[PDB]
>>> print(open('upload24.cif').read())   # mmCIF, C-alpha atoms
data_upload
#
loop_
_atom_site.label_atom_id
_atom_site.label_comp_id
_atom_site.auth_asym_id
_atom_site.auth_seq_id
_atom_site.Cartn_x
_atom_site.Cartn_y
_atom_site.Cartn_z
CA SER A 5 1.93 -22.64 20.44
CA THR A 6 3.53 -19.44 19.14
CA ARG A 7 6.91 -17.75 19.40
CA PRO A 8 8.03 -14.07 19.35
CA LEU A 9 9.90 -13.12 16.18
CA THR A 10 11.21 -9.57 16.55
CA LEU A 11 11.54 -7.37 13.46
CA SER A 12 13.04 -3.94 14.02
CA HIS A 13 15.07 -1.09 12.54
CA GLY A 14 16.87 0.96 15.17
CA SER A 15 14.76 1.91 18.17
CA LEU A 16 11.43 0.96 16.59
CA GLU A 17 10.51 -2.72 16.85
CA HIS A 18 7.58 -5.10 16.59
CA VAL A 19 7.23 -8.72 17.73
CA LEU A 20 5.13 -11.32 15.90
CA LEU A 21 3.59 -14.38 17.58
CA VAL A 22 4.37 -16.77 14.74
CA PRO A 23 3.17 -20.40 14.99
CA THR A 24 5.96 -22.92 15.50
CA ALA A 25 4.92 -24.71 12.29
CA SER A 26 6.16 -21.90 10.01
CA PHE A 27 8.52 -20.07 12.39
CA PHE A 28 11.54 -21.31 10.42
CA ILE A 29 10.11 -19.84 7.20
CA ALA A 30 9.28 -16.61 9.02
CA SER A 31 12.80 -16.45 10.46
CA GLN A 32 14.56 -16.85 7.12
CA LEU A 33 12.15 -14.21 5.81
CA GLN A 34 13.22 -11.90 8.65
CA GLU A 35 16.87 -12.61 7.84
CA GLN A 36 16.44 -11.74 4.16
CA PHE A 37 14.22 -8.76 5.06
CA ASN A 38 17.02 -7.27 7.15
CA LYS A 39 19.50 -8.18 4.41
CA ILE A 40 17.49 -5.94 2.05
CA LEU A 41 16.65 -3.27 4.63
CA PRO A 42 18.99 -0.23 4.88
CA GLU A 43 20.87 0.61 8.09
CA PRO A 44 19.28 2.82 10.78
CA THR A 45 20.15 6.52 10.72
CA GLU A 46 19.66 9.29 13.30
CA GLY A 47 15.99 10.28 13.17
CA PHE A 48 14.86 8.14 10.20
CA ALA A 49 15.18 10.78 7.48
CA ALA A 50 16.40 8.63 4.58
CA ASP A 51 14.02 7.27 1.98
CA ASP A 52 13.07 3.59 2.18
CA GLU A 53 13.69 3.94 5.93
CA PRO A 54 10.90 3.25 8.45
CA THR A 55 10.11 5.94 10.99
CA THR A 56 7.56 4.08 13.15
CA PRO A 57 6.87 0.43 14.03
CA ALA A 58 3.73 0.70 11.89
CA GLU A 59 5.86 1.72 8.91
CA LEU A 60 8.31 -1.13 9.55
CA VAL A 61 5.56 -3.76 9.78
CA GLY A 62 4.07 -2.29 6.61
CA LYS A 63 7.41 -2.54 4.81
CA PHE A 64 7.81 -6.13 5.99
CA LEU A 65 4.33 -6.79 4.61
CA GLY A 66 5.31 -5.25 1.29
CA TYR A 67 8.47 -7.33 1.06
CA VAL A 68 6.70 -10.60 1.90
CA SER A 69 3.93 -9.75 -0.58
CA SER A 70 6.56 -9.11 -3.25
CA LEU A 71 7.80 -12.63 -2.52
CA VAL A 72 4.33 -14.28 -2.66
CA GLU A 73 3.09 -15.09 -6.16
CA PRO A 74 -0.69 -15.35 -6.75
CA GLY A 78 2.43 -20.76 -2.42
CA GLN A 79 4.88 -21.03 0.49
CA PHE A 80 5.05 -17.56 2.10
CA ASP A 81 1.27 -17.07 1.89
CA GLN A 82 0.65 -18.24 5.46
CA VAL A 83 3.32 -15.97 6.94
CA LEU A 84 1.97 -13.08 4.86
CA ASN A 85 -1.51 -13.72 6.26
CA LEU A 86 -0.13 -13.95 9.80
CA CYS A 87 1.81 -10.68 9.71
CA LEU A 88 -1.07 -8.96 7.91
CA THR A 89 -3.42 -10.07 10.69
CA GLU A 90 -0.93 -8.76 13.25
CA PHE A 91 -0.79 -5.40 11.46
CA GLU A 92 -4.58 -5.17 11.32
CA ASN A 93 -4.96 -6.10 15.00
CA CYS A 94 -2.27 -3.73 16.25
CA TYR A 95 -2.20 -0.59 14.11
CA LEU A 96 -5.49 -0.37 12.19
CA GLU A 97 -7.59 -0.43 15.39
CA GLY A 98 -10.44 -1.80 13.29
CA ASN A 99 -10.02 1.30 11.11
CA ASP A 100 -9.06 1.74 7.49
CA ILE A 101 -5.54 1.98 6.13
CA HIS A 102 -6.06 5.59 5.08
CA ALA A 103 -7.26 6.53 8.57
CA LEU A 104 -4.12 4.91 9.98
CA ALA A 105 -2.05 6.78 7.37
CA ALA A 106 -3.57 10.13 8.32
CA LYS A 107 -2.97 9.38 12.00
CA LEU A 108 0.67 8.53 11.26
CA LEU A 109 1.11 11.67 9.16
CA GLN A 110 -0.33 13.96 11.83
CA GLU A 111 0.66 12.49 15.19
CA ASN A 112 3.93 10.83 14.16
CA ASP A 113 6.87 12.24 12.20
CA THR A 114 5.87 10.51 8.97
CA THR A 115 6.39 11.93 5.49
CA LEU A 116 4.02 11.67 2.54
CA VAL A 117 6.10 9.19 0.53
CA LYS A 118 6.41 6.93 3.58
CA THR A 119 2.65 7.13 4.05
CA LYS A 120 2.07 6.25 0.39
CA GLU A 121 4.45 3.29 0.40
CA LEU A 122 2.97 2.01 3.67
CA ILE A 123 -0.48 2.14 2.07
CA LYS A 124 0.86 0.40 -1.04
CA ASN A 125 2.40 -2.36 1.07
CA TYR A 126 -0.79 -2.90 3.06
CA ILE A 127 -3.06 -3.11 0.02
CA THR A 128 -0.56 -5.25 -1.89
CA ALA A 129 -0.36 -7.66 1.04
CA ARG A 130 -4.16 -7.75 1.18
CA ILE A 131 -4.46 -8.80 -2.46
CA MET A 132 -1.53 -11.25 -2.34
CA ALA A 133 -2.92 -12.92 0.80
CA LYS A 134 -6.21 -13.81 -0.97
CA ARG A 135 -7.84 -11.11 1.18
CA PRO A 136 -9.66 -8.72 -1.16
CA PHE A 137 -11.58 -5.69 0.03
CA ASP A 138 -14.82 -7.54 -0.74
CA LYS A 139 -16.39 -6.80 2.67
CA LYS A 140 -18.81 -3.88 2.81
CA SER A 141 -16.91 -1.17 4.64
CA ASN A 142 -18.68 0.32 7.66
CA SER A 143 -17.41 3.85 6.97
CA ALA A 144 -19.29 6.51 8.92
CA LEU A 145 -20.07 8.70 5.90
CA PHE A 146 -21.59 5.85 3.90
CA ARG A 147 -23.49 4.50 6.91
CA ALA A 148 -24.94 8.00 7.25
CA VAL A 149 -25.86 7.90 3.56
CA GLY A 150 -27.47 4.48 3.93
CA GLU A 151 -29.58 5.64 6.87
CA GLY A 152 -30.37 8.89 5.03
CA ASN A 153 -28.41 11.21 7.32
CA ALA A 154 -25.98 12.43 4.64
CA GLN A 155 -26.25 13.25 0.93
CA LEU A 156 -23.31 12.67 -1.41
CA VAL A 157 -22.48 14.58 -4.58
CA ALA A 158 -19.44 13.64 -6.65
CA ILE A 159 -17.64 16.48 -8.41
CA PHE A 160 -14.98 15.71 -11.02
CA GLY A 161 -12.34 18.30 -11.84
CA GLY A 162 -10.90 19.33 -15.17
CA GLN A 163 -8.20 21.49 -16.70
CA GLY A 164 -6.26 24.19 -14.90
CA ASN A 165 -6.27 22.59 -11.45
CA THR A 166 -2.54 21.86 -11.57
CA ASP A 167 0.43 22.10 -13.93
CA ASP A 168 1.77 18.65 -12.98
CA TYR A 169 -1.29 16.41 -13.06
CA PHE A 170 0.81 13.48 -14.28
CA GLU A 171 2.45 12.90 -10.90
CA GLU A 172 -1.05 12.20 -9.58
CA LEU A 173 -1.53 9.45 -12.17
CA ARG A 174 1.95 8.20 -11.34
CA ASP A 175 1.33 8.10 -7.59
CA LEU A 176 -1.96 6.32 -8.27
CA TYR A 177 -0.19 3.67 -10.35
CA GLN A 178 2.49 3.13 -7.68
CA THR A 179 0.51 3.43 -4.43
CA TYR A 180 -2.52 1.53 -5.77
CA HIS A 181 -0.86 -0.58 -8.45
CA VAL A 182 -2.73 -3.79 -7.69
CA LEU A 183 -6.05 -1.95 -7.44
CA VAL A 184 -6.12 0.37 -10.47
CA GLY A 185 -3.65 -1.68 -12.54
CA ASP A 186 -6.41 -3.23 -14.62
CA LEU A 187 -7.94 0.22 -15.15
CA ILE A 188 -4.63 1.79 -16.20
CA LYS A 189 -3.73 -1.05 -18.56
CA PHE A 190 -7.21 -0.94 -20.08
CA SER A 191 -7.14 2.84 -20.53
CA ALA A 192 -3.75 2.68 -22.24
CA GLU A 193 -4.92 -0.21 -24.43
CA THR A 194 -8.00 1.61 -25.71
CA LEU A 195 -6.03 4.85 -26.06
CA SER A 196 -3.48 3.11 -28.28
CA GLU A 197 -6.30 1.44 -30.20
CA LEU A 198 -8.01 4.80 -30.75
CA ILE A 199 -4.74 6.35 -31.92
CA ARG A 200 -4.25 3.47 -34.36
CA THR A 201 -7.83 3.63 -35.68
CA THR A 202 -7.93 7.45 -35.89
CA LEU A 203 -6.98 9.02 -39.21
CA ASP A 204 -4.12 11.29 -38.09
CA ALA A 205 -3.93 10.96 -34.31
CA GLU A 206 -0.21 10.13 -34.40
CA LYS A 207 0.47 13.63 -35.73
CA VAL A 208 -1.20 15.05 -32.62
CA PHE A 209 0.71 12.56 -30.42
CA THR A 210 4.27 13.38 -31.45
CA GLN A 211 5.75 11.44 -28.51
CA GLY A 212 3.04 8.77 -28.53
CA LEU A 213 0.67 7.93 -25.70
#
>>> encode(input="upload24.cif", output="structure tokens")
Amino acid sequence: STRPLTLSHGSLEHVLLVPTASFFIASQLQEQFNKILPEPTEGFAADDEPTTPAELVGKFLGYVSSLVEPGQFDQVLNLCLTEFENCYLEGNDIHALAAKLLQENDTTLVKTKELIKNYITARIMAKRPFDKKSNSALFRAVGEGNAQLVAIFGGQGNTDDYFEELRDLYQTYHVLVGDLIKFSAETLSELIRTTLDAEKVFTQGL
């Protein structure tokens, strides 16, 4: 027993087979989701505006995840996340789907990043961590000895605006690297405090 709940923004649409038990919750969530969503434009150029059904389902996932606290919307979050995985991931990873959207479809980089953020955020709010060993081709090749992997870490001079990379990491992968970023800032502040004259070097703090 399921029912089709249609969530859409202009021409793009996607229908969810929600169980009748929580369809009412899902429907009020759809209502509020559209109450927050901006109006369709011609071509989907505005920011915070989906361009593909994948992007819209991702944004719905992000909104529902923002509502769930680590529980009433947890089941609907799990259901729509499962629908997204079944339909758009094709048993592939979120970044593969993102690259496909960027290349084939008329998707921009910020829309790709926020779609990825919404998917991962939904995964961690739905009690669905990435604790399963990924079957990525490169690492399967490494495991069977076909490929050899060397990590190289960059340094200075690569870019004049390295901080936007840290920023985009903190936004796109907030729930993932949030502990790392908070820890790094904590020990950096502690080192500044315990260093003799570090504050002089850090005029605007750290």
>>> resolve_selection(input="upload24.cif", expression="the PyMOL selection byres ((chain A and resi 117-121) around 8)", output="PyMOL selection string")
chain A and resi 51-52+54+59+63+105+108-109+114-116+122-125+179
>>> residues_around(input="upload24.cif", residues="stretch 110-113 of chain A", least_positions_apart="3", cutoff="9 Å", atoms="all atoms listed in the file", output="PyMOL selection string")
chain A and resi 55-56+105-107
>>> write_last_selection(input="upload24.cif", atoms="C-alpha atoms", output="PDB file, in the coordinates of the input")
ATOM      1  CA  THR A  55      10.110   5.940  10.990  1.00  0.00           C
ATOM      2  CA  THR A  56       7.560   4.080  13.150  1.00  0.00           C
ATOM      3  CA  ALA A 105      -2.050   6.780   7.370  1.00  0.00           C
ATOM      4  CA  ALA A 106      -3.570  10.130   8.320  1.00  0.00           C
ATOM      5  CA  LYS A 107      -2.970   9.380  12.000  1.00  0.00           C
TER       6      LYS A 107
END
>>> residues_around(input="upload24.cif", residues="stretch 32-49 of chain A", least_positions_apart="4", cutoff="10 Å", atoms="all atoms listed in the file", output="PyMOL selection string")
chain A and resi 9-16+27-28+53-56+60+63-64+67-68+71+80+83+113-115
>>> residues_around(input="upload24.cif", residues="residue A:183", least_positions_apart="6", cutoff="9 Å", atoms="only C-alpha atoms", output="JSON list (two decimals) with C-alpha atoms, in the frame of the given file")
[["chain", "number", "residue", "atom", "x", "y", "z"],
["A", 127, "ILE", "CA", -3.06, -3.11, 0.02],
["A", 128, "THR", "CA", -0.56, -5.25, -1.89],
["A", 131, "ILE", "CA", -4.46, -8.80, -2.46],
["A", 177, "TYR", "CA", -0.19, 3.67, -10.35]]
>>> residues_around(input="upload24.cif", residues="residue A:188", least_positions_apart="6", cutoff="12 Å", atoms="all atoms listed in the file", output="PDB file with C-alpha atoms, keeping the file's coordinate frame")
ATOM      1  CA  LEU A 173      -1.530   9.450 -12.170  1.00  0.00           C
ATOM      2  CA  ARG A 174       1.950   8.200 -11.340  1.00  0.00           C
ATOM      3  CA  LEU A 176      -1.960   6.320  -8.270  1.00  0.00           C
ATOM      4  CA  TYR A 177      -0.190   3.670 -10.350  1.00  0.00           C
ATOM      5  CA  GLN A 178       2.490   3.130  -7.680  1.00  0.00           C
ATOM      6  CA  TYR A 180      -2.520   1.530  -5.770  1.00  0.00           C
ATOM      7  CA  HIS A 181      -0.860  -0.580  -8.450  1.00  0.00           C
ATOM      8  CA  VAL A 182      -2.730  -3.790  -7.690  1.00  0.00           C
ATOM      9  CA  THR A 194      -8.000   1.610 -25.710  1.00  0.00           C
ATOM     10  CA  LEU A 195      -6.030   4.850 -26.060  1.00  0.00           C
TER      11      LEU A 195
END
>>> atom_distance(input="upload24.cif", atom1="atom CA of residue A:96", atom2="atom CA of residue A:171")
27.8 Å
>>> residues_around(input="upload24.cif", residues="residue A:156", least_positions_apart="3", cutoff="10 Å", atoms="all atoms listed in the file", output="list in words")
residues 145, 146, 148, 149 and 159 of chain A
>>> write_last_selection(input="upload24.cif", atoms="C-alpha atoms", output="compact mmCIF listing (two decimals), keeping the file's coordinate frame")
# COMPACT_ATOMS: atom_id res chain seq x y z
CA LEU A 145 -20.07 8.70 5.90
CA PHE A 146 -21.59 5.85 3.90
CA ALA A 148 -24.94 8.00 7.25
CA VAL A 149 -25.86 7.90 3.56
CA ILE A 159 -17.64 16.48 -8.41
>>> resolve_selection(input="upload24.cif", expression="the PyMOL selection byres ((chain A and resi 88) around 10)", output="ChimeraX atom specification")
/A:61-62,64-66,68-69,82-87,89-94,126,129-130,133,135
>>> write_last_selection(input="upload24.cif", atoms="C-alpha atoms", output="compact mmCIF listing (two decimals), keeping the file's coordinate frame")
# COMPACT_ATOMS: atom_id res chain seq x y z
CA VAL A 61 5.56 -3.76 9.78
CA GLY A 62 4.07 -2.29 6.61
CA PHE A 64 7.81 -6.13 5.99
CA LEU A 65 4.33 -6.79 4.61
CA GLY A 66 5.31 -5.25 1.29
CA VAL A 68 6.70 -10.60 1.90
CA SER A 69 3.93 -9.75 -0.58
CA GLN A 82 0.65 -18.24 5.46
CA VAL A 83 3.32 -15.97 6.94
CA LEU A 84 1.97 -13.08 4.86
CA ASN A 85 -1.51 -13.72 6.26
CA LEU A 86 -0.13 -13.95 9.80
CA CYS A 87 1.81 -10.68 9.71
CA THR A 89 -3.42 -10.07 10.69
CA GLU A 90 -0.93 -8.76 13.25
CA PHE A 91 -0.79 -5.40 11.46
CA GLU A 92 -4.58 -5.17 11.32
CA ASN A 93 -4.96 -6.10 15.00
CA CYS A 94 -2.27 -3.73 16.25
CA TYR A 126 -0.79 -2.90 3.06
CA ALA A 129 -0.36 -7.66 1.04
CA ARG A 130 -4.16 -7.75 1.18
CA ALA A 133 -2.92 -12.92 0.80
CA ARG A 135 -7.84 -11.11 1.18
>>> atom_distance(input="upload24.cif", atom1="atom CA of residue A:132", atom2="atom CA of residue A:73")
7.1 Å
>>> atom_distance(input="upload24.cif", atom1="atom CA of residue A:8", atom2="atom CA of residue A:22")
6.5 Å
>>> build_atoms(input="upload24.cif", residues="stretch 72-86 of chain A", atoms="N, CA, C and O atoms", output="short mmCIF file (atom, residue, chain, number, x, y, z; two decimals), in the coordinates of the input")
data_model
loop_
_atom_site.label_atom_id
_atom_site.label_comp_id
_atom_site.auth_asym_id
_atom_site.auth_seq_id
_atom_site.Cartn_x
_atom_site.Cartn_y
_atom_site.Cartn_z
N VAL A 72 5.47 -13.41 -2.34
CA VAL A 72 4.33 -14.28 -2.66
C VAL A 72 3.92 -14.05 -4.11
O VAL A 72 3.86 -12.91 -4.57
N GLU A 73 3.62 -15.15 -4.81
CA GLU A 73 3.09 -15.09 -6.16
C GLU A 73 1.64 -15.55 -6.14
O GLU A 73 1.35 -16.58 -5.51
N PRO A 74 0.69 -14.85 -6.80
CA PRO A 74 -0.69 -15.35 -6.75
C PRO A 74 -0.86 -16.71 -7.41
O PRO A 74 -2.00 -17.10 -7.67
N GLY A 78 2.71 -21.55 -3.61
CA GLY A 78 2.43 -20.76 -2.42
C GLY A 78 3.09 -21.32 -1.17
O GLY A 78 2.65 -22.34 -0.64
N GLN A 79 4.14 -20.65 -0.71
CA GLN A 79 4.88 -21.03 0.49
C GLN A 79 4.88 -19.95 1.55
O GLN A 79 4.73 -20.26 2.74
N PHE A 80 5.05 -18.69 1.17
CA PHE A 80 5.05 -17.56 2.10
C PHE A 80 3.65 -16.99 2.32
O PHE A 80 3.52 -15.97 3.01
N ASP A 81 2.62 -17.61 1.76
CA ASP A 81 1.27 -17.07 1.89
C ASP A 81 0.80 -17.08 3.34
O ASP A 81 0.18 -16.12 3.80
N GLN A 82 1.10 -18.15 4.08
CA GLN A 82 0.65 -18.24 5.46
C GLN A 82 1.32 -17.18 6.33
O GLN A 82 0.67 -16.54 7.16
N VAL A 83 2.63 -16.98 6.15
CA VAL A 83 3.32 -15.97 6.94
C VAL A 83 2.84 -14.57 6.56
O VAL A 83 2.72 -13.69 7.42
N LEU A 84 2.55 -14.35 5.27
CA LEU A 84 1.97 -13.08 4.86
C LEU A 84 0.64 -12.84 5.56
O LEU A 84 0.40 -11.76 6.10
N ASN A 85 -0.22 -13.86 5.58
CA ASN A 85 -1.51 -13.72 6.26
C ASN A 85 -1.31 -13.44 7.74
O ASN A 85 -2.01 -12.60 8.32
N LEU A 86 -0.35 -14.11 8.37
CA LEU A 86 -0.13 -13.95 9.80
C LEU A 86 0.33 -12.53 10.13
O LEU A 86 -0.23 -11.87 11.02
#
